[PDB]
Structure formats: C-alpha cells, structure tokens
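Peer 1: Next comes the structure file query.tsv, holding TSV, C-alpha atoms and all ligand atoms.
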chain	number	residue	atom	x	y	z
A	25	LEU	CA	119.92	82.39	-27.94
A	26	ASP	CA	118.02	79.37	-26.66
A	27	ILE	CA	116.81	76.57	-28.92
A	28	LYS	CA	114.00	74.23	-27.78
A	29	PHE	CA	114.02	71.20	-30.11
A	30	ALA	CA	110.74	69.24	-30.21
A	31	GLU	CA	110.58	65.51	-30.97
A	32	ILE	CA	107.68	63.07	-31.14
A	33	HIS	CA	110.08	60.13	-30.65
A	34	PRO	CA	111.28	58.83	-27.29
A	35	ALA	CA	114.66	59.46	-25.75
A	36	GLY	CA	117.35	57.32	-27.35
A	37	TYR	CA	115.66	57.09	-30.76
A	38	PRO	CA	118.14	57.57	-33.65
A	39	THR	CA	116.79	60.99	-34.74
A	40	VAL	CA	116.77	62.20	-31.12
A	41	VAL	CA	120.34	61.10	-30.53
A	42	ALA	CA	121.63	62.69	-33.76
A	43	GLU	CA	119.78	65.90	-32.96
A	44	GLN	CA	121.02	66.13	-29.37
A	45	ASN	CA	124.56	65.59	-30.68
A	46	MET	CA	123.96	68.39	-33.22
A	47	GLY	CA	122.87	70.60	-30.33
A	48	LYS	CA	126.06	69.80	-28.43
A	49	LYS	CA	128.06	70.92	-31.46
A	50	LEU	CA	126.12	74.18	-31.58
A	51	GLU	CA	126.87	74.85	-27.92
A	52	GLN	CA	130.54	74.01	-28.26
A	53	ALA	CA	131.17	75.94	-31.48
A	54	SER	CA	129.30	79.05	-30.28
A	55	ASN	CA	131.04	78.99	-26.89
A	56	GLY	CA	127.62	78.78	-25.26
A	57	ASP	CA	126.03	81.70	-27.16
A	58	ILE	CA	123.56	79.21	-28.62
A	59	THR	CA	122.01	76.84	-26.09
A	60	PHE	CA	120.03	73.75	-26.96
A	61	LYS	CA	117.50	71.63	-25.09
A	62	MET	CA	115.76	68.52	-26.38
A	63	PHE	CA	112.06	67.98	-25.68
A	64	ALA	CA	111.41	64.42	-26.76
A	65	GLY	CA	108.50	62.05	-26.36
A	66	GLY	CA	105.92	64.44	-27.75
A	67	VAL	CA	105.98	66.56	-24.61
A	68	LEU	CA	105.41	69.75	-26.67
A	69	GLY	CA	102.57	68.15	-28.64
A	70	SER	CA	101.79	66.39	-31.87
A	71	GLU	CA	103.89	66.96	-34.97
A	72	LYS	CA	101.17	69.19	-36.48
A	73	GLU	CA	100.93	71.23	-33.26
A	74	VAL	CA	104.69	71.60	-33.12
A	75	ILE	CA	104.91	72.85	-36.69
A	76	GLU	CA	102.30	75.48	-35.82
A	77	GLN	CA	104.42	76.47	-32.81
A	78	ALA	CA	107.56	76.71	-34.93
A	79	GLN	CA	105.76	79.00	-37.37
A	80	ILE	CA	105.04	81.49	-34.58
A	81	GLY	CA	108.42	81.11	-32.88
A	82	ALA	CA	107.23	79.28	-29.76
A	83	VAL	CA	109.32	76.23	-30.62
A	84	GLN	CA	112.67	76.93	-32.28
A	85	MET	CA	113.49	73.64	-34.00
A	86	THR	CA	111.95	70.28	-34.80
A	87	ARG	CA	112.16	67.26	-37.05
A	88	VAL	CA	108.90	65.98	-38.46
A	89	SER	CA	107.86	63.58	-41.16
A	90	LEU	CA	107.50	65.31	-44.52
A	91	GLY	CA	104.08	63.63	-44.64
A	92	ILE	CA	102.53	66.28	-42.38
A	93	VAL	CA	104.35	69.17	-44.09
A	94	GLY	CA	102.44	68.66	-47.37
A	95	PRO	CA	99.29	70.46	-46.19
A	96	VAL	CA	101.49	73.44	-45.18
A	97	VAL	CA	103.84	73.48	-48.18
A	98	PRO	CA	102.17	71.60	-51.05
A	99	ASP	CA	105.26	71.48	-53.25
A	100	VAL	CA	106.98	69.01	-50.91
A	101	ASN	CA	104.38	66.37	-51.79
A	102	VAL	CA	106.62	65.12	-54.61
A	103	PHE	CA	108.57	63.13	-51.95
A	104	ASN	CA	105.32	62.00	-50.24
A	105	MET	CA	103.93	60.06	-53.18
A	106	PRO	CA	103.68	56.28	-53.03
A	107	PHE	CA	106.59	54.57	-54.75
A	108	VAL	CA	108.18	57.84	-55.93
A	109	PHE	CA	111.54	56.33	-54.89
A	110	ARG	CA	112.44	52.87	-56.15
A	111	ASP	CA	114.06	51.88	-52.84
A	112	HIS	CA	115.67	53.26	-49.71
A	113	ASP	CA	119.08	53.75	-51.29
A	114	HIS	CA	117.53	55.79	-54.12
A	115	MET	CA	115.86	58.13	-51.61
A	116	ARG	CA	119.24	58.60	-49.93
A	117	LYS	CA	120.87	59.65	-53.20
A	118	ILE	CA	118.11	62.18	-53.70
A	119	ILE	CA	118.28	63.76	-50.24
A	120	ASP	CA	122.07	63.96	-50.46
A	121	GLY	CA	122.07	65.67	-53.87
A	122	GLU	CA	120.70	68.58	-55.82
A	123	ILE	CA	117.02	67.60	-55.69
A	124	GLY	CA	117.21	67.25	-51.89
A	125	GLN	CA	118.52	70.82	-51.75
A	126	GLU	CA	115.78	72.09	-54.02
A	127	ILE	CA	113.01	70.64	-51.90
A	128	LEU	CA	114.50	72.01	-48.64
A	129	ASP	CA	114.62	75.36	-50.38
A	130	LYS	CA	110.92	75.13	-51.30
A	131	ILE	CA	110.14	74.99	-47.59
A	132	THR	CA	112.56	77.79	-46.72
A	133	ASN	CA	111.41	80.10	-49.49
A	134	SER	CA	107.73	79.46	-48.77
A	135	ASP	CA	105.67	82.07	-46.93
A	136	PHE	CA	105.28	79.77	-43.95
A	137	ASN	CA	108.02	80.97	-41.60
A	138	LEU	CA	110.14	77.83	-41.59
A	139	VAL	CA	113.75	77.21	-42.57
A	140	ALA	CA	114.52	73.67	-43.70
A	141	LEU	CA	118.05	72.58	-42.97
A	142	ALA	CA	118.56	68.86	-43.56
A	143	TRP	CA	116.87	65.49	-44.09
A	144	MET	CA	116.58	62.68	-41.55
A	145	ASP	CA	116.04	59.06	-42.52
A	146	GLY	CA	112.89	57.26	-41.45
A	147	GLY	CA	113.35	54.15	-43.54
A	148	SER	CA	110.44	52.76	-45.51
A	149	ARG	CA	106.84	52.45	-44.37
A	150	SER	CA	104.98	49.14	-44.50
A	151	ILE	CA	101.54	48.09	-43.22
A	152	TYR	CA	101.07	46.45	-39.84
A	153	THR	CA	97.74	44.95	-38.95
A	154	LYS	CA	95.90	42.95	-36.33
A	155	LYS	CA	95.01	40.30	-38.94
A	156	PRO	CA	97.43	39.12	-41.65
A	157	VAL	CA	97.53	40.89	-44.99
A	158	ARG	CA	99.13	38.58	-47.54
A	159	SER	CA	97.91	40.32	-50.70
A	160	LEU	CA	96.42	43.55	-51.93
A	161	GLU	CA	92.99	41.91	-51.80
A	162	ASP	CA	93.31	41.18	-48.04
A	163	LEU	CA	93.58	44.88	-47.35
A	164	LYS	CA	90.07	45.47	-48.74
A	165	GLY	CA	87.95	47.55	-46.36
A	166	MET	CA	90.55	47.64	-43.58
A	167	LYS	CA	90.83	50.89	-41.64
A	168	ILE	CA	94.50	51.84	-41.75
A	169	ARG	CA	95.86	54.89	-39.94
A	170	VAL	CA	97.84	57.30	-42.07
A	171	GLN	CA	99.35	60.70	-41.33
A	172	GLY	CA	97.21	63.80	-41.82
A	173	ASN	CA	97.65	64.49	-45.53
A	174	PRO	CA	94.89	64.03	-48.12
A	175	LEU	CA	97.49	62.32	-50.34
A	176	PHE	CA	97.75	59.39	-47.91
A	177	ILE	CA	94.00	59.06	-47.51
A	178	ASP	CA	93.69	58.90	-51.31
A	179	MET	CA	96.59	56.40	-51.40
A	180	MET	CA	95.01	54.06	-48.89
A	181	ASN	CA	91.65	54.29	-50.61
A	182	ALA	CA	93.29	53.47	-53.97
A	183	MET	CA	94.69	50.35	-52.32
A	184	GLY	CA	91.11	49.42	-51.39
A	185	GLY	CA	91.44	50.22	-47.69
A	186	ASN	CA	90.06	53.11	-45.68
A	187	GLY	CA	92.65	55.66	-44.69
A	188	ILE	CA	92.09	57.24	-41.31
A	189	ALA	CA	94.22	60.24	-40.34
A	190	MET	CA	95.37	60.31	-36.75
A	191	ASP	CA	98.18	61.93	-34.72
A	192	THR	CA	101.10	59.65	-33.86
A	193	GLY	CA	100.12	59.40	-30.20
A	194	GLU	CA	96.56	58.26	-30.98
A	195	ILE	CA	97.55	55.06	-32.80
A	196	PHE	CA	98.28	52.80	-29.82
A	197	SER	CA	94.80	53.07	-28.30
A	198	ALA	CA	93.02	52.95	-31.67
A	199	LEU	CA	94.80	49.64	-32.41
A	200	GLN	CA	94.09	48.22	-29.00
A	201	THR	CA	90.36	48.78	-29.44
A	202	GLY	CA	90.04	48.01	-33.17
A	203	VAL	CA	88.96	51.51	-34.08
A	204	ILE	CA	91.63	50.99	-36.75
A	205	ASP	CA	92.72	47.58	-38.08
A	206	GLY	CA	96.32	48.71	-38.59
A	207	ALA	CA	98.72	51.46	-39.48
A	208	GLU	CA	101.83	51.90	-41.59
A	209	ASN	CA	105.36	52.74	-40.58
A	210	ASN	CA	108.99	51.69	-40.27
A	211	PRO	CA	110.23	49.01	-37.85
A	212	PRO	CA	111.68	51.33	-35.18
A	213	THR	CA	108.36	53.16	-34.87
A	214	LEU	CA	106.37	49.91	-34.80
A	215	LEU	CA	108.65	48.81	-31.94
A	216	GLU	CA	109.41	51.96	-29.92
A	217	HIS	CA	105.85	53.31	-30.00
A	218	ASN	CA	104.65	49.84	-28.89
A	219	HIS	CA	102.22	49.25	-31.76
A	220	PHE	CA	103.38	45.66	-32.05
A	221	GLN	CA	101.53	44.84	-28.85
A	222	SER	CA	98.31	44.96	-30.90
A	223	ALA	CA	99.55	44.30	-34.44
A	224	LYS	CA	101.56	41.13	-35.03
A	225	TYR	CA	101.53	41.10	-38.85
A	226	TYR	CA	103.80	43.37	-40.88
A	227	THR	CA	103.33	43.35	-44.64
A	228	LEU	CA	106.39	44.68	-46.45
A	229	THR	CA	104.68	46.94	-48.96
A	230	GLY	CA	107.30	49.70	-48.65
A	231	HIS	CA	104.69	51.99	-50.17
A	232	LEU	CA	106.23	55.24	-48.84
A	233	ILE	CA	109.75	56.38	-48.15
A	234	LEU	CA	109.28	59.72	-46.41
A	235	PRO	CA	112.29	61.91	-45.67
A	236	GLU	CA	112.07	64.00	-42.51
A	237	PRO	CA	113.07	67.64	-42.61
A	238	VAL	CA	114.86	69.34	-39.73
A	239	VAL	CA	113.36	72.83	-39.53
A	240	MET	CA	113.97	76.00	-37.58
A	241	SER	CA	111.45	78.75	-36.94
A	242	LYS	CA	112.30	81.54	-39.35
A	243	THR	CA	111.78	83.99	-36.47
A	244	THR	CA	114.61	82.24	-34.62
A	245	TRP	CA	116.74	81.91	-37.77
A	246	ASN	CA	116.58	85.67	-38.34
A	247	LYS	CA	118.03	86.24	-34.85
A	248	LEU	CA	121.21	84.34	-35.73
A	249	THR	CA	124.22	86.07	-37.23
A	250	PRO	CA	125.27	84.92	-40.70
A	251	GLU	CA	128.20	83.05	-39.12
A	252	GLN	CA	125.81	81.29	-36.74
A	253	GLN	CA	123.53	80.45	-39.67
A	254	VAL	CA	126.43	78.84	-41.50
A	255	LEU	CA	127.28	76.83	-38.38
A	256	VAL	CA	123.69	75.61	-38.18
A	257	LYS	CA	123.68	74.62	-41.87
A	258	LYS	CA	126.94	72.74	-41.42
A	259	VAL	CA	125.94	70.77	-38.33
A	260	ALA	CA	122.46	70.03	-39.70
A	261	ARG	CA	124.00	68.47	-42.83
A	262	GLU	CA	126.40	66.53	-40.59
A	263	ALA	CA	123.41	65.27	-38.58
A	264	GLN	CA	121.77	64.00	-41.80
A	265	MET	CA	124.83	61.76	-42.27
A	266	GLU	CA	125.28	60.77	-38.64
A	267	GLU	CA	121.64	59.79	-38.30
A	268	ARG	CA	121.94	57.50	-41.34
A	269	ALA	CA	124.34	55.21	-39.49
A	270	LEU	CA	122.23	55.29	-36.33
A	271	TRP	CA	119.14	54.57	-38.40
A	272	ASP	CA	120.58	51.50	-40.11
A	273	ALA	CA	121.66	50.05	-36.77
A	274	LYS	CA	118.33	50.73	-35.10
A	275	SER	CA	116.24	49.45	-38.00
A	276	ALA	CA	118.06	46.11	-38.09
A	277	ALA	CA	117.93	45.80	-34.28
A	278	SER	CA	114.22	46.63	-34.28
A	279	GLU	CA	113.41	44.00	-36.92
A	280	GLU	CA	115.06	41.34	-34.80
A	281	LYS	CA	113.33	42.49	-31.59
A	282	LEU	CA	109.93	42.56	-33.37
A	283	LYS	CA	110.38	39.03	-34.74
A	284	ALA	CA	111.30	37.85	-31.23
A	285	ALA	CA	108.10	39.47	-29.93
A	286	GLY	CA	106.11	37.38	-32.42
A	287	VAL	CA	105.68	39.80	-35.32
A	288	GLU	CA	105.49	38.02	-38.67
A	289	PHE	CA	107.19	39.92	-41.53
A	290	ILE	CA	105.19	39.14	-44.65
A	291	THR	CA	106.90	39.50	-48.01
A	292	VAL	CA	104.67	40.61	-50.87
A	293	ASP	CA	105.09	41.49	-54.55
A	294	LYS	CA	105.06	45.28	-54.62
A	295	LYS	CA	103.73	45.43	-58.21
A	296	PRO	CA	100.03	45.20	-57.35
A	297	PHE	CA	100.45	48.03	-54.82
A	298	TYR	CA	102.39	50.11	-57.33
A	299	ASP	CA	99.67	49.53	-59.92
A	300	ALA	CA	96.89	50.34	-57.48
A	301	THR	CA	98.49	53.70	-56.70
A	302	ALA	CA	99.13	54.82	-60.27
A	303	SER	CA	96.00	57.00	-59.99
A	304	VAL	CA	97.45	58.76	-56.96
A	305	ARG	CA	100.73	59.58	-58.71
A	306	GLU	CA	98.75	60.84	-61.69
A	307	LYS	CA	96.54	63.02	-59.49
A	308	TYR	CA	99.25	64.48	-57.24
A	309	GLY	CA	102.17	64.30	-59.65
A	310	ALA	CA	100.79	66.27	-62.60
A	311	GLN	CA	102.76	69.38	-61.64
A	312	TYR	CA	105.92	67.44	-60.78
A	313	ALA	CA	106.60	65.87	-64.19
A	314	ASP	CA	110.11	67.27	-64.47
A	315	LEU	CA	111.12	66.39	-60.90
A	316	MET	CA	109.79	62.83	-61.38
A	317	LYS	CA	111.85	62.46	-64.58
A	318	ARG	CA	114.95	63.66	-62.75
A	319	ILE	CA	114.35	61.46	-59.71
A	320	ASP	CA	113.75	58.38	-61.87
A	321	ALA	CA	117.03	59.01	-63.71
A	322	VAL	CA	119.18	58.94	-60.54
A	323	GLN	CA	120.57	55.42	-60.50
A	324	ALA	CA	124.03	53.88	-60.30
A	325	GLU	CA	126.17	56.92	-59.52
A	326	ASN	CA	126.46	59.36	-56.63
A	327	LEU	CA	126.58	62.67	-58.37
A	328	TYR	CA	125.44	65.87	-56.76
A	329	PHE	CA	123.81	67.14	-59.97
A	330	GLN	CA	120.48	65.46	-60.76
B	1	LIG	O1	103.62	58.33	-38.82
B	1	LIG	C1	104.03	59.01	-37.83
B	1	LIG	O2	103.17	59.63	-37.12
B	1	LIG	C2	105.45	59.07	-37.48
B	1	LIG	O3	106.14	58.20	-38.43
B	1	LIG	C3	107.54	58.11	-38.10
B	1	LIG	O4	108.06	57.25	-39.01
B	1	LIG	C4	108.18	59.45	-38.23
B	1	LIG	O5	109.56	59.36	-37.92
B	1	LIG	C5	107.50	60.41	-37.33
B	1	LIG	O6	108.05	61.71	-37.56
B	1	LIG	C6	106.06	60.45	-37.56
B	1	LIG	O7	105.47	61.31	-36.60
Please rewrite the model in this file as structure tokens.
Ligand SMILES: O=C(O)[C@H]1O[C@@H](O)[C@H](O)[C@@H](O)[C@@H]1O
Peer 2:
Amino acid sequence: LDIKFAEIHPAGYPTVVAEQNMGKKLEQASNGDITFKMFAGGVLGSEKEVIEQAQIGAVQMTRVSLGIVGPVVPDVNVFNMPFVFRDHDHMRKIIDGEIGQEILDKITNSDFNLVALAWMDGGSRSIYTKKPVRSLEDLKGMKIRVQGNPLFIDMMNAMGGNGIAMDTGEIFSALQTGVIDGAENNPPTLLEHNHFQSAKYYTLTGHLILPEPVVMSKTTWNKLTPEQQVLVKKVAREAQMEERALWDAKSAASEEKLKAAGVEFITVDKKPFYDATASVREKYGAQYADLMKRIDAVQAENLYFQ
C-alpha cells in the first residue's frame, strides 16, 4: 500500500521532517508493506485542492491548517476562533488531551471521507505588513490576506481591516505588488515562504493559534488492516510530539533570522484585538458554549480529562 503525503511547506520544514520520519517508521514497522513518499513544496497543489484529492483517494495523506478545514467540517471551527486559546501552551494542553481527541473524531466521523490522526503545531499567527501597524487603529482599511474561511474574513473585518482570502502560494506576489497590504502567520512561514522580502513589520497580535490536523483519505484508511491502523495511530501521535520540539527550535531560529533581515517585531496590547473580535466569537461560538467552557477551564495541570 503506497502513501503519497502532500505538503504545502518546503523540504526541511518542521512538519515535513516530522512527517517524513513518521513515514520511515511506517515502512520499517510494516516491513515495507506500507510505503511512503513525501510531496512537499505544494507540488500536488494548494491545501484546499489537496483536501479535495484526499476525499476522493487521489492523495493518501496530508497535513493542513485547520483554518481551511472549517468550510468542509464546520464543527472544527471551535479551534479556529480568534483568541479561543489564551496562549500557545494552552493550545498544546488541549491538543494533547481529551478535547483534542474529540475534535479529531469530529473530522473522522464526518461524512467527508477523511480520518484525522494527530495535531501538528503551527505556533501563533500575527500580522505582517508593508507599513507598520502599532495599534488596532493602524490596521484600519488594510487588505490583509487570510485563509479561505468566512470566519477569518469576519475576524479581519471586525478588526477594521479587509480580509482577503488567498491560497498560500498566492501571497508572495500579492505582497510584492500591494494587492494586499499584509498577511498573518507564524515566524517560520513568514521566513520560509519569503514574505518578509515585502513585509518588514510584524505586529504580535497572536490572534489565532491554529492546530494542524494530519489526515488520511478514508478510502486509503479502509484498505489498512486493523493492526496497520493501530500502527498509523501510534506513529501519528508520536509525530505530534516530535514535531513540537522541531517547531520550537525552528520558530526561535526563524525569529532571529527575520530580525537580522530587518523585520521589526512590534509588541502590542492584545486586549483591543480581543475586544474587537468578541462579535466573531459570539457569532461563530454560539453552538460551542460547552466546549469553550471546558477549554477555558484547562489551566495549570496536564490532565487528559478536560
Ligand atoms: O496560512 C497558510 O496558508 C499556511 O499557514 C501555515 O501556518 C500553515 O502551517 C499552513 O498549513 C498554511 O497553509
């Protein structure tokens, strides 16, 4: 059984490395009965195009941002809301515990032919722009690229900007020409997708912390034996933990490289951004009241139950 794994990120990126190591484990443990090949750098298309391919079995596995899964499986949008997690460490507790399992299961048990197996870390997303944004007010009227999810367009509009949905690969040229004034992402993406060449101001809003599911086509999943399925579950969960260490290293390295390239990291009070997005959490969070209560209550400890 052959697995093609699609990635939007370039070779060497922390997700890519963790995933190729996971694939090596699959090959070794199955004595070659499962083979694995990585297709990085967006060679198999945009994240939305790849998810479509996974649904019909043309691509066997991928990792994508949860941001673009929302339009396919609405119930995952609980993790896509602005400031749903208080910080990066809080998100990690969630994806490692019971609520993380529940949300993976909402993808798997959906009618959309995907099996969700683990969560990769993509840090926190902050706004980078061609001109400095030092306050909520400075964002007014700016065209900021977001991922293709109505939630993020509403979010950016609530912050007084103009959210423009675009595929990952379209951002570089749109920035170069001023078709957009900025975008929002973590430091490794800002660096490794070369967006810093056009945007030298990075405002640390941390407005989203979007986990990234690793998914398999359910068509492919159903061709595995139960023992192979257990192997896949095991090594996917191991990859969630391995990628965390790679992520922390890469994020810190990327921050330093970006500063050396002349990117200014601008600290801001998050409160005005939190307040501006209350309407978005009210709109999209109405049906997630219980989950939000449970998420908010995860704090000092590291329990599984939440
Ligand atoms: O915003 C984006 O397009 C990209 O953001 C990065 O942070 C994610 O790791 C990647 O999966 C997304 O495709």
Peer 1: With ligand LIG 1 (chain B) as the partner and 10 Å as the cut-off, tabulate the residues of chain A that qualify, each row holding the nearest pair of atoms and their distance in Å to one decimal, using only C-alpha atoms and all ligand atoms, sorted by chain and rising number, as a Markdown table.
Peer 2:
| residue | atom | partner | partner_atom | distance |
| --- | --- | --- | --- | --- |
| A:31 | CA | B:LIG1 | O6 | 8.0 |
| A:32 | CA | B:LIG1 | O7 | 6.1 |
| A:33 | CA | B:LIG1 | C5 | 7.2 |
| A:37 | CA | B:LIG1 | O5 | 9.7 |
| A:38 | CA | B:LIG1 | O5 | 9.7 |
| A:39 | CA | B:LIG1 | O5 | 8.1 |
| A:66 | CA | B:LIG1 | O7 | 9.4 |
| A:70 | CA | B:LIG1 | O7 | 7.9 |
| A:71 | CA | B:LIG1 | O7 | 6.1 |
| A:72 | CA | B:LIG1 | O7 | 9.0 |
| A:86 | CA | B:LIG1 | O6 | 9.8 |
| A:87 | CA | B:LIG1 | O6 | 6.9 |
| A:88 | CA | B:LIG1 | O6 | 4.4 |
| A:89 | CA | B:LIG1 | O6 | 4.1 |
| A:90 | CA | B:LIG1 | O6 | 7.9 |
| A:91 | CA | B:LIG1 | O1 | 7.9 |
| A:92 | CA | B:LIG1 | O7 | 8.2 |
| A:144 | CA | B:LIG1 | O5 | 8.6 |
| A:145 | CA | B:LIG1 | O5 | 8.0 |
| A:146 | CA | B:LIG1 | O5 | 5.3 |
| A:147 | CA | B:LIG1 | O4 | 7.6 |
| A:148 | CA | B:LIG1 | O4 | 8.3 |
| A:149 | CA | B:LIG1 | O4 | 7.3 |
| A:169 | CA | B:LIG1 | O1 | 8.6 |
| A:170 | CA | B:LIG1 | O1 | 6.7 |
| A:171 | CA | B:LIG1 | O1 | 5.5 |
| A:172 | CA | B:LIG1 | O2 | 8.7 |
| A:189 | CA | B:LIG1 | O2 | 9.5 |
| A:190 | CA | B:LIG1 | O2 | 7.8 |
| A:191 | CA | B:LIG1 | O2 | 6.0 |
| A:192 | CA | B:LIG1 | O2 | 3.9 |
| A:193 | CA | B:LIG1 | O2 | 7.6 |
| A:194 | CA | B:LIG1 | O2 | 9.1 |
| A:195 | CA | B:LIG1 | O2 | 8.4 |
| A:207 | CA | B:LIG1 | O1 | 8.5 |
| A:208 | CA | B:LIG1 | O1 | 7.2 |
| A:209 | CA | B:LIG1 | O4 | 5.5 |
| A:210 | CA | B:LIG1 | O4 | 5.8 |
| A:211 | CA | B:LIG1 | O4 | 8.6 |
| A:212 | CA | B:LIG1 | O4 | 7.9 |
| A:213 | CA | B:LIG1 | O4 | 5.8 |
| A:214 | CA | B:LIG1 | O4 | 8.6 |
| A:217 | CA | B:LIG1 | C2 | 9.4 |
| A:233 | CA | B:LIG1 | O4 | 9.3 |
| A:234 | CA | B:LIG1 | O4 | 7.9 |
| A:235 | CA | B:LIG1 | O5 | 8.6 |
| A:236 | CA | B:LIG1 | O6 | 6.8 |
| A:237 | CA | B:LIG1 | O6 | 9.3 |
Peer 1: Would you place a box with edges along x, y and z of the file around all atoms of region 306-315 of chain A listed there, add 4 Å to each of its six sides, and report the centre and edge lengths in Å to one decimal, as AutoDock Vina command-line options?
Peer 2:
--center_x 103.8 --center_y 65.1 --center_z -60.9 --size_x 22.6 --size_y 16.5 --size_z 15.2
Peer 1: Write out as number ranges by chain each polymer residue whose atoms come within 10 Å of residue 123 (chain A), counting all atoms listed in the file; drop sequence neighbours fewer than 5 positions from it.
Peer 2: A: 117-118, 128-129, 315, 318-319, 328-330
Peer 1: Using all atoms listed in the file, what residues lie at most 12 Å away from (106.5, 76.6, -29.0) (file coordinates), given as a PyMOL selection string?
Peer 2: chain A and resi 27-31+63+67-86+240-241+243-244
Peer 1: Taking into account all atoms listed in the file, which residue in the set A:60, A:226, A:107, A:143 is nearest to residue 320 (chain A)?
Peer 2: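 Selected residue with least distance to residue 320 (chain A): A:107.
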Peer 1: Would you mind listing what lies within 12 Å of residue 151 (chain A) as an MDAnalysis selection string, with all atoms listed in the file counted and same-chain residues fewer than 5 positions away left out?
Peer 2: chainID A and resid 156:160 162:163 166:170 180 183 185 187 205:211 213:214 219:220 223:232 288:292 297
Peer 1: Using Å and a single decimal, report how far CA of residue 175 (chain A) sits from CA of residue 97 (chain A).
Peer 2: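 Distance reported for this atom pair: 13.0 Å.
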Peer 1: Find the residues of region 35-65 of chain A that sit at most 9 Å from region 246-266 of chain A; for each, write down the nearest two atoms and how far apart they are in Å, to one decimal. Count only C-alpha atoms. Sort by chain, then by number going up, and give it as JSON lines.
Peer 2:
{"residue": "A:39", "atom": "CA", "partner": "A:263", "partner_atom": "CA", "distance": 8.8}
{"residue": "A:42", "atom": "CA", "partner": "A:263", "partner_atom": "CA", "distance": 5.7}
{"residue": "A:43", "atom": "CA", "partner": "A:263", "partner_atom": "CA", "distance": 6.7}
{"residue": "A:45", "atom": "CA", "partner": "A:263", "partner_atom": "CA", "distance": 8.0}
{"residue": "A:46", "atom": "CA", "partner": "A:259", "partner_atom": "CA", "distance": 6.0}
{"residue": "A:47", "atom": "CA", "partner": "A:259", "partner_atom": "CA", "distance": 8.6}
{"residue": "A:49", "atom": "CA", "partner": "A:259", "partner_atom": "CA", "distance": 7.2}
{"residue": "A:50", "atom": "CA", "partner": "A:256", "partner_atom": "CA", "distance": 7.2}
{"residue": "A:53", "atom": "CA", "partner": "A:255", "partner_atom": "CA", "distance": 8.0}
{"residue": "A:54", "atom": "CA", "partner": "A:252", "partner_atom": "CA", "distance": 7.7}
{"residue": "A:58", "atom": "CA", "partner": "A:252", "partner_atom": "CA", "distance": 8.7}
Peer 1: Pick out the closest residue to residue 142 (chain A) from this set: A:267, A:57, A:99, A:111. Count only C-alpha atoms.
Peer 2: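 Nearest to residue 142 (chain A): A:267.
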Peer 1: Considering only C-alpha atoms, state which residue in the set A:302, A:221, A:215, A:314 is at the smallest distance from residue 282 (chain A).
Peer 2: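 The shortest atom-to-atom distance to residue 282 (chain A) comes from A:215.
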Peer 1: Give the answer as one residue: which of A:119, A:216, A:197, A:305 has the shortest atom-to-atom distance to residue 275 (chain A), using all atoms listed in the file?
Peer 2: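 Counting all atoms listed in the file, the residue closest to residue 275 (chain A) is A:216.
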Peer 1: Considering all atoms listed in the file, can you say which of A:154, A:321, A:238, A:122 comes closest to residue 198 (chain A)?
Peer 2: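 For residue 198 (chain A), the nearest of the candidates is A:154.
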